[PDB]
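Undergrad: Have a look at this one.
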Amino acid sequence: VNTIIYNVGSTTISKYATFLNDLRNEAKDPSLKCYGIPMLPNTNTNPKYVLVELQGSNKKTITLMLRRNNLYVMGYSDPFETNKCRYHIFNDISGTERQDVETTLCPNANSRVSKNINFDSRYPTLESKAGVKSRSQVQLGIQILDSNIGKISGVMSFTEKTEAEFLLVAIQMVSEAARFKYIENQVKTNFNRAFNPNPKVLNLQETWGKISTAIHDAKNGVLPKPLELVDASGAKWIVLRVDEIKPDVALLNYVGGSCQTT
Ligand SMILES: Nc1nc2[nH]cnc2c(=O)[nH]1
Numbered sequence: 001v002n003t004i005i006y007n008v009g010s011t012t013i014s015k016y017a018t019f020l021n022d023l024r025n026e027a028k029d030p031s032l033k034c035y036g037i038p039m040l041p042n043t044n045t046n047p048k049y050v051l052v053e054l055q056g057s058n059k060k061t062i063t064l065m066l067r068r069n070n071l072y073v074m075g076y077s078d079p080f081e082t083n084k085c086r087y088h089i090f091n092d093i094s095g096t097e098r099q100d101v102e103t104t105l106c107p108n109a110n111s112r113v114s115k116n117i118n119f120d121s122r123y124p125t126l127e128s129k130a131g132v133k134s135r136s137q138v139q140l141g142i143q144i145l146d147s148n149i150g151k152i153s154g155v156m157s158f159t160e161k162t163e164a165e166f167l168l169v170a171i172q173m174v175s176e177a178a179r180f181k182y183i184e185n186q187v188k189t190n191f192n193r194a195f196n197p198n199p200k201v202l203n204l205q206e207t208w209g210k211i212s213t214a215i216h217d218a219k220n221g222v223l224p225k226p227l228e229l230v231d232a233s234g235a236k237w238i239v240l241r242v243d244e245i246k247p248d249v250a251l252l253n254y255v256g257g258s259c260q261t262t
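Numbering (PDB author numbering), first residue to last: 1 to 262.
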């Protein structure tokens, strides 16, 4: 299990871009790809996880554990107390995976403390915890991500609202940005300011699996059936070919079976 480090406290659009590129190259399957777009690995492939160490201002760090298969965040850890490693596992993580998050995030058995996230990783759950009707009401941004790391890291106790806000920002700026070139671009274009995700970034996040299946199944660049998406203005956007959606997509969800590689 490799760790990718990104300093949020001091970066540039180029460093952010290199970060996402390293994560994509680390997450992706060496050989899997459809129409030039790299695809995530099978649940069987090792390693199964990838760590993302986020270095914020004021020496505040938080490490995110990501499942390579779908890039979902399983949980995160932070340096706690003196030399203790505090791991936080999502409520929706179960079975052997819970032990993997615990031992992968905090590899030192003698000095690890736990603080479970008492809710699941679904956006609607995160949005209700954060106290909003939609995550579009929560601004994303480098400085915002840095600020949230400071509210969590090393902090004895924090509200579920504060933890949810952190998750909402971290997931979209890390996982969602790695999956979609479009979302990466939105971040870079608004790099020096806070911004609200437009209808297209939220739609893209919510239909990633469908897009991945559609592209994998497309024949001669034509989607099996018309894909109804939403553009940046909030208007219906009908896609018929892979060429029309490919520019906004960096990574495909794992879809079993063969597909036209290029
Ligand atoms: N852990 C996790 N929860 C999510 N909720 C919506 N998208 C995601 C994601 O990529 N990861």
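Note that beta-carbon positions come from the ideal geometry of N, C-alpha and C, so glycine has one too.
Based on the DSSP output, what are the partners of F195 in its beta bridges?
TA: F195 pairs with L140.
Undergrad: Identify whether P247 lies in helix, strand or coil by the three-state DSSP scheme.
TA: Reduced to three states, the DSSP call for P247 is helix.
Undergrad: Rounding to the nearest angstrom, what Cα-Cα distance links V113 and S128 in this structure?
TA: Straight-line Cα distance between these residues: approximately 27 Å.
Undergrad: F90: beta carbon under 8 Å from a heavy atom of ligand 1?
TA: Yes, ligand 1 has a heavy atom inside 8 Å of this Cβ.
Undergrad: Tell me, please, whether the region 72-90 touches the region 191-210 by the rule of three or more beta-carbon pairs shorter than 8 Å.
TA: Verdict: no, contact absent.
Undergrad: Between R135 and the rest of its own chain, which residues show a CB-CB distance below 8 Å, the 5 nearest in sequence each way excluded?
TA: Cβ neighbours of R135 beyond the five flanking positions: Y123, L126, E127, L168, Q172, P197 and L202.
Undergrad: Got a sec: does ligand 1 put a non-hydrogen atom nearer than 8 Å to the Cβ of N198?
TA: Answer for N198: no, Cβ out of range of ligand 1.
Undergrad: What residues match up with residue 313 in a beta bridge as DSSP calls it?
TA: In the structure displayed, the chain extends from 1 to 262; residue 313 sits before or after that span and is not available.
Undergrad: For a test of your reading of the model: does the CB of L71 fall under 8 Å from any non-hydrogen atom of ligand 1? Yes or no.
TA: Correct: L71 has its Cβ closer than 8 Å to ligand 1.
Undergrad: Any idea what DSSP makes of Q172, helix, strand or coil?
TA: Helix, per DSSP.
Undergrad: Compute the Euclidean distance between the alpha carbons of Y35 and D231, then round it to the nearest angstrom.
TA: Looking at the two C-alpha atoms, the distance is approximately 22 Å.
Undergrad: Roughly how many angstroms lie between the CA atoms of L54 and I62, to the nearest whole one?
TA: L54 and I62: Cα-Cα distance of roughly 5 Å.
Undergrad: Please report the residue range of the beta strand (DSSP E) in which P226 lies.
TA: Start and end: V222 to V230.
Undergrad: Is there at least one non-hydrogen atom of ligand 1 closer than 8 Å to the beta-carbon of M156?
TA: It does not: the Cβ of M156 is nowhere closer than 8 Å to a heavy atom of ligand 1.
Undergrad: Nearest by alpha-carbon distance to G221: which of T18, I37 and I4 is it?
TA: Checking every option, the nearest Cα to that of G221 belongs to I37.
Undergrad: Would you say the beta carbon of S134 comes nearer than 8 Å to a heavy atom of ligand 1?
TA: No, the beta carbon of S134 sits no closer than 8 Å to any heavy atom of ligand 1.
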